[PDB]
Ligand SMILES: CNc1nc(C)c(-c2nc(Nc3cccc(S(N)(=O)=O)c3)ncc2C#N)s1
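Take a look at this single chain, the form deposited without this ligand, given in structure tokens.
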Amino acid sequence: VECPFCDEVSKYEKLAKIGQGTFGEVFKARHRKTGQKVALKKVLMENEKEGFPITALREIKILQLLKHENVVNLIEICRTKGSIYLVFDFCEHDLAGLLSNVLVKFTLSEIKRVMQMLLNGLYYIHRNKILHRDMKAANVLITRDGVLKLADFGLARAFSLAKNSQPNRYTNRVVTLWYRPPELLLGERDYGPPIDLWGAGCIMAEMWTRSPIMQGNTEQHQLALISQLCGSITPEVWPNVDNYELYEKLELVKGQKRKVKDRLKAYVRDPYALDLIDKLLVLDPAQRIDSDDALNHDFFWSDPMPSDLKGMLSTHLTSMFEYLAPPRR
């Protein structure tokens, strides 16, 4: 069977597993001729009925559409004469890992550059009518050269730019709990780019806190913490939040006041940074700041200015002795 347009993964040499997923889910590899570092991601099909996963087809279609400096780059789709592999340009680090490793240091300036690339990436995908739907620190990669890439579009979909007519009815259970915006927890099915910016807000907080700020155990619990940090969810700060079916049928604390800046105060410090986080963590999506304005927020245009990530990248080390040994005699 002739197959001139889907090469065998044999052209790459697997080097190592990336992370602790399944048997052969993600592999670091190199092109046998160019030496090009890539990551092979197997299309998982344990659940077989509806054939090739519409979820995979969406990812592929979206990956082939999105081409931008701050979005993960899909090189090609290969096969093993059977599995299918999405081949990506390899990025050495994910943000979740860099932040967990508290030995790595981030200057305010570097944090600025990180958020700038992230917001620029989100602008691009939203401009192209795509919603990421799986924002979280682990899906934000950073290359050895210091370039951030939005990754894992495995749960992304296209949305309609409809200010016009009918209501869209998109899949409601999307986005990891800890990063899920209020509107979704409330049953919203006609959501848009704001669900991703909420995530950009949660991630921004972590740049200082070093770990997810709202780790709910359940949807009801997740809503609890959002109320506790952002302020009770009322029609006063979110007009018409009333109409949500689940608005009633859900335990919902009523006396909470927005404590966003106070709680992050100790961690963040810089007022511009706290203001942007405050605007990103707004309950009502229509009032939540978008990527465009976020990019033009004073945070990115006030001293200290965005800098490259060379410094932060030098604090990432090669082993125990380098991390733990003092710098001297």
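Each form is matched to the other, and the largest set of C-alpha atoms that superpose within 1.5 Å is called the rigid core. Only residues modelled in both forms are compared. One rule holds for the numbers: they count along the sequence shown, beginning at 1.
- Among other compared entries that model residues flanking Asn128, every one gives it coordinates, keeping it clear of the one-third cutoff.
- For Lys112, the record comparison shows coordinates present in all the other entries of this protein that model its neighbours, with no third of them leaving it out.
- In the deposited entry, the stretch joining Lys81 to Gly82 is interrupted by 4 to 9 residues of the deposited sequence lacking coordinates.
- Just going by the entry, 320-328 versus 3-11 on mean CA temperature factor gives the higher value to 320-328.
- The PDB entry reports B-factors from which the mean C-alpha value can be compared for 230-238 and 87-95; the larger average falls on 230-238.
- For the set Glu59, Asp278, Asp262, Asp290, the PDB entry puts the maximum C-alpha B factor at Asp262.
- The entry assigns its greatest Cα B factor, within the set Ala224, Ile77, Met204, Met135, to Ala224.
- Among the modelled residues of the chain, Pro167 sits in the highest third by CA temperature factor in this PDB entry.
- When the CA B factors of the chain's modelled residues are split into thirds, the value for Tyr123 lands in the lowest one.
- Per the deposited record, the Cα B-factor of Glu46 falls in the highest third when ranked against the other modelled residues of its chain.
- The entry lists a Cα temperature factor for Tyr267 that places it in the highest third of the chain's modelled residues.
- In the deposited entry, the Cα temperature factor of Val175 sits in the bottom third of values across the chain's modelled residues.
A second form of this protein, the form deposited with this ligand bound, is not displayed here; the remarks below concern that form.
- Mapping the unseen interface onto this chain, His68 falls outside it, with no heavy atom inside 4.5 Å of this ligand in the deposited complex.
- When this ligand is considered in the deposited complex, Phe88 lines it closely, a heavy atom lying within 4.5 Å.
- Contact annotation for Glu92: at least one heavy atom lies within 4.5 Å of this ligand in the deposited complex.
- The closest heavy atom approach of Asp152 to this ligand in the deposited complex falls within 4.5 Å.
- Judged against this ligand in the deposited complex with a 4.5 angstroms heavy atom cut-off, the residues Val26, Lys41 and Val72 are in contact without exception.
- Heavy atoms within 4.5 Å of this ligand in the deposited complex map, among the stretches 265-273, 33-41, 282-290, 296-304, onto 33-41 alone.
- Note on the partner interface in the deposited complex: the residue among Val114, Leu131, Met204, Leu141 having a heavy atom within 4.5 angstroms of this ligand is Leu141.
- Listed alone, the shifted run between this form and the one not shown is 21-24, counting only residues present in both forms whose C-alphas move 2 Å or more over at least three consecutive positions once the core is aligned.
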